[PDB]
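This document opens with one chain alone, in structure tokens, the form deposited in one PDB entry.
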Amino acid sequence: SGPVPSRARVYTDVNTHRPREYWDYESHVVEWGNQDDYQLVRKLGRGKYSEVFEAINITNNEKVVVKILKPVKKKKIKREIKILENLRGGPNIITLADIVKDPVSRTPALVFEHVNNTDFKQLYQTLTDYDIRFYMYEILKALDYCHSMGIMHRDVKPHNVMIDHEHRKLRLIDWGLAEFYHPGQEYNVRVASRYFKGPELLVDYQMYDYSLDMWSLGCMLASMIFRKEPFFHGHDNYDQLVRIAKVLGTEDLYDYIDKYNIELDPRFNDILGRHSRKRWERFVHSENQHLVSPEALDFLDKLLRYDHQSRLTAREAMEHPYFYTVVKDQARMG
């Protein structure tokens, strides 16, 4: 009888209550700036980021960052720009300063604010227990904000989290896969990187929502406190679900599948087989001991749920005891 419909628990009708021009990016007329205002200085990313440059705005001598976009469809260009513009000014969202196009090649490029970067993938050797809690909370600020603005990021991972550890600042970047949430809409499941894909993507359930981002966040958290990168290390798309199943157990997976009347490939059921749930305690060793706590484990348990509707919202997450002291400390110092 086909899959059972699903709706976001929160922020369900955000885009519905806003004017059409807010979310209808296909009708958005892009107002391009002048590329001549910007001169490229050098390459950024140290070999991990393509077509990202430090640049200078010669109209005010301000240092900026330029990302040159890969040849995708015009529709996806409008989408990213529209979303960045709608989210501009939000807490811990990267700030789009301008958009330009090359005179002759007509190659589009985004101009961002300049922020220092100690790569999140290279920062776990000097990251204490409090540090992980702090930065996780900052990520949640961004996710709660964009969700409340009717937007799913759909590509949450360490690579897309820029961290300036000196000033303890954080920015969520690369909104190229982001989309607007509309209740009842079916979305493409070919999003996110394999290690951070939620179960809904891996079983081809298209009517997902903001909670997708919360799974990805759980994967990041698991990786950092257990010192295992990535935590769910699938070698292909089937193996990704298998390795999730080896931790969460197959019992809750099949219940999830039945709940939304999802139909898997016949061979997939044989592949998944039968696995018991591992207690989160079993991934703790003497070298990740100092990053693990009862509240950390409880928090992780409530993010990594098969059922996307059962996962904590960003706001629910921010009020979890895992952040109790972090919240108190931030509220009296800044």
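Each residue number is its position in the shown sequence, starting from 1. The term rigid core refers to the maximal set of C-alpha atoms that superpose within 1.5 Å between the two forms.
Below: the form deposited in another entry, not depicted.
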{"item": "Displaced position between the shown form and the other one, chosen from 290, 282, 46, 274 (C-alpha, 2 Å or more, rigid core)", "value": "46"}
{"item": "Is_shifted residue 128 between the shown form and the other one (CA, 2 Å cut-off, rigid core)", "value": "no"}
{"item": "Rigid core superposition, residue 188 Cα moves 2 angstroms or more between the shown form and the other one", "value": "no"}
{"item": "Is_shifted residue 103 between the shown form and the other one (CA, 2 Å cut-off, rigid core)", "value": "yes"}
{"item": "In that other deposited form, shift in Cα separation for residue 109 relative to residue 46, 3 Å or more", "value": "closer"}
{"item": "Note on residue 135-residue 48 C-alpha separation in that other deposited form, which departs from the shown form by 3 angstroms or more", "value": "farther"}
